[PDB]
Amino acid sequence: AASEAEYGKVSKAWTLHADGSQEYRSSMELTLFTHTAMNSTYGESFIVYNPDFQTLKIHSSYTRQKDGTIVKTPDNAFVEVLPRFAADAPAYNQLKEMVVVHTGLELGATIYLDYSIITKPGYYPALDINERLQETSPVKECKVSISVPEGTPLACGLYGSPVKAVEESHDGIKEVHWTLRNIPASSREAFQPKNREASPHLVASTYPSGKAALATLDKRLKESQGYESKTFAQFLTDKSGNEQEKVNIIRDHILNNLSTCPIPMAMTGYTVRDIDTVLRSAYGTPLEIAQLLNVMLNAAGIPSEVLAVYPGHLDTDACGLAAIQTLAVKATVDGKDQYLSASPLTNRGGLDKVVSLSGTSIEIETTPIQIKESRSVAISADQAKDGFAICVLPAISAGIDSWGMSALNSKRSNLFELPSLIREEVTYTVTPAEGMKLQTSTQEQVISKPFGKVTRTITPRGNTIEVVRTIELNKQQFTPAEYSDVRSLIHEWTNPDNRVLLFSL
């Protein structure tokens, strides 16, 4: 955690060579102050690489104890394994994760690790960086450096920090570096924004432009003929009446028959297996699945394109593919676009920047999720023999009740972000036993705030009672000044007492 550990130094250096080979060199000094720190995953380092094009070189690995004793990491403390993300995915079974087990740890000891990943020509189309510089512990000093051949275009930016680039050329190489000091630990608060704007990140690219990066990806995606995938798409949708049915057939076929293999694009050199091979294998990376769906939709007569989703604060003219957070597919159905992705693009809407692979920015609308459910509840005179029956109306699962927000802190230091806007209505039909008397007031309960509202109405109807609960949340992000108002809404919804009906017998 925070005063549990500190990175005294971090240094990261990226180099692009004229032949297209790269080096990434990472060194760190990490002091652990508690057994909690020492016994956590801070006891290890994890280094992922693709040995088909990369080699890992450990420059040094040791622990320095407070008294000056140096404990060099022994050979048997280096263990190579398959990264968990590649499990059960045969095409990626060459991928490696080196686990360095830090030895000689004691209270106040400092871990030193310095390594490079060397990438041979022909694997990465460009130098393409999106590096988080904030850690879960404070970083006293962080040095980052990018070197490319003179004449190579370079766009770079340090986001979430005012530190200025220092430019240095030498020996036909153009170098830029930054030095950040005293980077605070990230906050442990839940529900911070998916993209934290004040969290320092280095983003850089040697593609000619962001658009060129996307066009390069597209060209590579289109390199396989996808003959079977196209023919299959046509066979699958030849009967269908309307365009929507065709989209559903294709989407459902893919959803039902391919599992998603979460292999980062960097670990595939930013490309895909041959698309017909993806289709036959029944697993695919997000990128592979996106292209398969796109190829099949287009073959079926549904004009479609792959979309890249970036954080909303980024200058997408100046970044490469490393800054992409999600992929989606746009399908035009009877002149109206719809988006296909694991989570709806309209949940976050304009929080993010969405760009097609042909380079067009898309102003995605922000659309509330709509939940409407019903429950029936019987109450017996059994349950009220001892004077009273406490009827807890059951909570539903979908929507805000699944957000993990039933115990929100009253204090908040960081922005608070909801997964989506939302509107929910839950109608309970309650049938109490004969002669049970409702003790709960039938007066409507309403809490209304600037960015939402929660209501409860209770209406006896014959020998049933209808209870309607509603919530609407109409803003996604909240400053600490705004947090109390949205917290009171969310709490009005989730507080179990607010679902109780009391009856006397």
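In this text, residue numbers run from 1 along the sequence as written.
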Between 456 to 464 and 37 to 45 (mean CA B-factor, as deposited), the higher: 456 to 464
Stretch exceeding the other in mean C-alpha B-factor - 175 to 183, 410 to 418: 410 to 418
Peak C-alpha temperature factor (PDB record), options 87, 203, 307, 213: 87
320, 108, 153, 387, ranked by C-alpha B-factor: the highest one: 387
Residue 473, C-alpha B-factor rank within chain (lowest, middle or highest third): middle
Third of the chain's Cα B-factor distribution that residue 62 belongs to, per the entry: lowest
Assigned third (lowest, middle, highest) for the C-alpha B factor of residue 131: lowest
Residue 481, C-alpha B-factor rank within chain (lowest, middle or highest third): highest
Among modelled residues of the same chain, the CA temperature factor third for residue 72: lowest
